[PDB]
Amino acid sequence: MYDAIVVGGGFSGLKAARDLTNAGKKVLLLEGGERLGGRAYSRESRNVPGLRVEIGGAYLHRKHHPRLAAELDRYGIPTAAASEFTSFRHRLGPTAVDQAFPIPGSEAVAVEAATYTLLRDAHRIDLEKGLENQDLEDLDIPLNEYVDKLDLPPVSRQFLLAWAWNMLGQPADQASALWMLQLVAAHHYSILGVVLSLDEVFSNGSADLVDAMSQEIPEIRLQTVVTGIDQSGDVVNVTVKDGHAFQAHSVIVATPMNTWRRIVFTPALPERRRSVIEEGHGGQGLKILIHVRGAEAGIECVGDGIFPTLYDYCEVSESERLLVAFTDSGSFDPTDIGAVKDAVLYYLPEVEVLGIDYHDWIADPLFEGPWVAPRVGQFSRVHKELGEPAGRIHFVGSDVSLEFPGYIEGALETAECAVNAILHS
């Protein structure tokens, strides 16, 4: 038997397992899939042989993400600036300016006033307390309704909505205004910071860090899917799909939130958590890598398209590039290549789409979703508690971070907290 069993081998599980190991604990890491990294997934491009791409998480910012910064420094993992935006091809109407910040002077006063309203609302959020413990229910409304109340002129209105669509991976009518404000708060109460934190990338892929961390974990079982966690006895019993059970004093659930409903917990998780766990979060983010010909370097497009954003990702050759589009899987079907061409051509009518690459995170049984985004009404009911221990079972991961939800930093933050909690007990 083990001191701790960590379930899930993404950054959260990896940090938890490594730090407990170095603290002298006997740890077993159970990973359901054939690889480590989870939603950090670098691999060879489906479109360009020999080209490594990020199919999940890619972007980081050292100042917004200090734990991640420490990991990179620890293993000497090289980072590079993310692709620079130099050519702006927005779809924000005839008054937009072709810059990264496309707001014209005629909208400046309106933007100034909305910024105050937005930041005032975000400042209501204390990041330690949980979104359910702060009387924030009035803000937990559909984002389109919240934005309607800001009464923004067309360029700034669509610019905000486009980035919010990108960021939350939800259309405006499904996104929670409160969650948008949570992201603003998480970035040091900055609206700008939400986009400006797309600062750097792993030079050699996120697998660089995954591998560096996994090397310090002595016992890892791949292709081992946990189906049950039973703490009714003195020692927690962890049952697997097609294998013998494992036992530990403590268990860290470091699997995606939308997969918890598939695990049989004994006894049942606290009542307050059950409904949201059953439902799952409403995150439907879809990141599509688009292999193109005819695109100039440094393109950024933001607009009212079915792709709210489309921007430069990678130079392939002098004539070919990868662009990246963010949308959501509820609104867009990436198996419809005709739809992809139309979505790209809307912004870039001169460009030829050669192929696309993505992972359907929502269809993957080890994930059942991309990054976290609550449905309207979910997180003002229960939020902090989703990441709280249930007896000897700890819950970690980006999905439950109060400080950096939906980011790699959040996976590392939550793992830190679980590790500290276990070492004090």
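Definition used throughout: the rigid core is the maximal C-alpha set that superposes within 1.5 Å between two forms. The first residue of the sequence shown is number 1, and the count goes up from there.
**Student:** Rigid core superposition, C-alpha RMS per stretch in 8 other deposited structures of this protein: which comes out larger, 251 to 259 or 78 to 86?
**Tutor:** Farther on average in 8 other deposited structures of this protein: 78 to 86.
**Student:** Taking C-alpha RMS after core alignment, which stretch differs more from the shown form in 8 other deposited structures of this protein: 289 to 297, or 238 to 246?
**Tutor:** Evaluated in 8 other deposited structures of this protein, the stretch farther from the shown form is 238 to 246.
**Student:** Which is higher on average in the deposited entry, the C-alpha temperature factors of 42 to 50 or of 368 to 376?
**Tutor:** Between 368 to 376 and 42 to 50, it is 42 to 50 that shows the higher mean C-alpha B-factor.
**Student:** Once you work out the mean C-alpha B-factor for both 345 to 353 and 267 to 275 from the entry, which is higher?
**Tutor:** Result of the comparison: 267 to 275.
**Student:** Of the choices 284, 156, 259, 204, which one's C-alpha carries the largest B-factor in the record?
**Tutor:** Of the candidates given, the C-alpha B-factor peaks at 204.
**Student:** Could you tell me which one of 175, 324, 82, 161 shows the highest CA temperature factor in the PDB record?
**Tutor:** Top of the list by C-alpha B-factor: 82.
**Student:** Ranked by Cα temperature factor within the chain, is residue 244 in the lowest third, the middle third or the highest third?
**Tutor:** Residue 244: CA B-factor falls in the highest third of its chain.
**Student:** Based on the deposited C-alpha B factors for this chain, I'd like to know if residue 226 is in the lowest, middle or highest third.
**Tutor:** It falls in the middle third of the chain.
**Student:** Ranked by Cα temperature factor within the chain, is residue 6 in the lowest third, the middle third or the highest third?
**Tutor:** Lowest third - that is where residue 6 ends up once the chain's C-alpha B-factors are sorted.
**Student:** Can you tell me whether residue 338 has a C-alpha B-factor in the lowest, middle or highest third compared with the other modelled residues of the same chain?
**Tutor:** Its C-alpha B-factor belongs to the lowest third of this chain's values.
**Student:** Please place residue 307 in the lowest, middle or highest third of its chain according to the CA B-factor in the PDB entry.
**Tutor:** It falls in the bottom third of the chain.
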